[PDB]
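# Structural characterization, general
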There are 2 protein chains.
Amino acid sequence: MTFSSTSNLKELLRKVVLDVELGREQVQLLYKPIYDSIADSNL
Amino acid sequence: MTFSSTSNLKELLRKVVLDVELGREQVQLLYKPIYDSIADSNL
């Protein structure tokens, strides 16, 4: 009674997730030191 | 509906001036370290 017989039945076996870094890099605002900001809704 | 139709009518739109530095630059008095100042009004 090898383990390979029961390898397919994943519901029986313990599940442990390989924890790892996932996601996407945050986007920073770089332009602001160069630019003078003027804000008016009626432009 | 048709802002591209009213876009040519510039007189309907708001006139907001783009503030930009205009005018000749200020002048400094550079000669002062090189000169001795006597300021008698009755010269």
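Residues numbered from 1 in each chain as written, not as in the entry; some residues may be left out. Chains lettered and ligands numbered in written order. Part of a larger assembly, values for the part shown. Heavy atoms only, no water.

Looking at the PDB entry, chain A carries the name gp49 - Major capsid protein, with the source organism given as Clostridioides difficile. For this structure, the PDB header gives the title as "Contracted phiCD508 capsid".

## Things to note about the overall build of chain A
The secondary structure content of chain A amounts to 1 helix and 0 strands. The principal-axis extents of the C-alpha atoms in chain A amount to approximately 75 × 25 × 10 Å. Burial statistics for chain A: of 43 residues in total, 0% are counted as buried. Accessible surface for chain A amounts to roughly 5,300 Å². Of this, 56% is attributable to carbon and sulfur atoms. (Helix = DSSP H or I, 4+ residues; strand = E, 2+ residues; numbered from the N terminus. Buried < 20%, exposed > 50% of the residue type's maximum accessible area, 1.4 Å probe, protein only. Areas by Shrake-Rupley, 256 points an atom, 1.4 Å probe, with all protein chains shown as cover.)

## Some words on the environment of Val 27 of chain B
Among the secondary structure elements, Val 27 of chain B is positioned in the segment after α1 (3-6). Once the C-alpha coordinates of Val 27 of chain B and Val 16 of chain B are considered, the two residues, 11 residues apart in sequence, prove to be 31 Å apart.

## What to know about the packing of aromatic side chains
Residue and element names in this part refer to chain B. Evaluation of the coordinates by the stated rule reveals 2 aromatic pairs over all chains. Aromatic pair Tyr 31 and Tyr 35: ring centres 6.1 Å apart, planes at 75°, arrangement edge-to-face. Judged by its relative accessible area of 41%, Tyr 31 falls in the partly exposed class. Note on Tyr 35: relative accessible area 58%, which makes it exposed. (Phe/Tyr/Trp six-rings, centres within 6.5 Å; stacked < 30°, edge-to-face > 60°.)

## Concerning a nonpolar patch on the surface
Residue and element names in this part refer to chain A. Residues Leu 29, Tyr 31, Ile 34 and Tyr 35 make up a contiguous nonpolar surface patch of about 510 Å² in total accessible area. Topologically, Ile 34 is positioned in the segment after α1 (3-6). Among the residues examined, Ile 34 registers a relative accessible area of 69% and is labelled exposed. (Patch = residues over 30% accessible without salt bridge, like charges linked within 9 Å, V, L, I, M, F, W, Y side chains within 5 Å. Salt bridge = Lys/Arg side-chain N within 4 Å of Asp/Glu carboxyl O.)

## Some remarks on the environment of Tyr 35 of chain B
Examined against the element boundaries, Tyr 35 of chain B turns out to sit in the segment after α1. When the C-alpha positions of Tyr 35 of chain B and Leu 9 of chain B are compared, they lie 61 Å apart, and in sequence the two are 26 residues distant.

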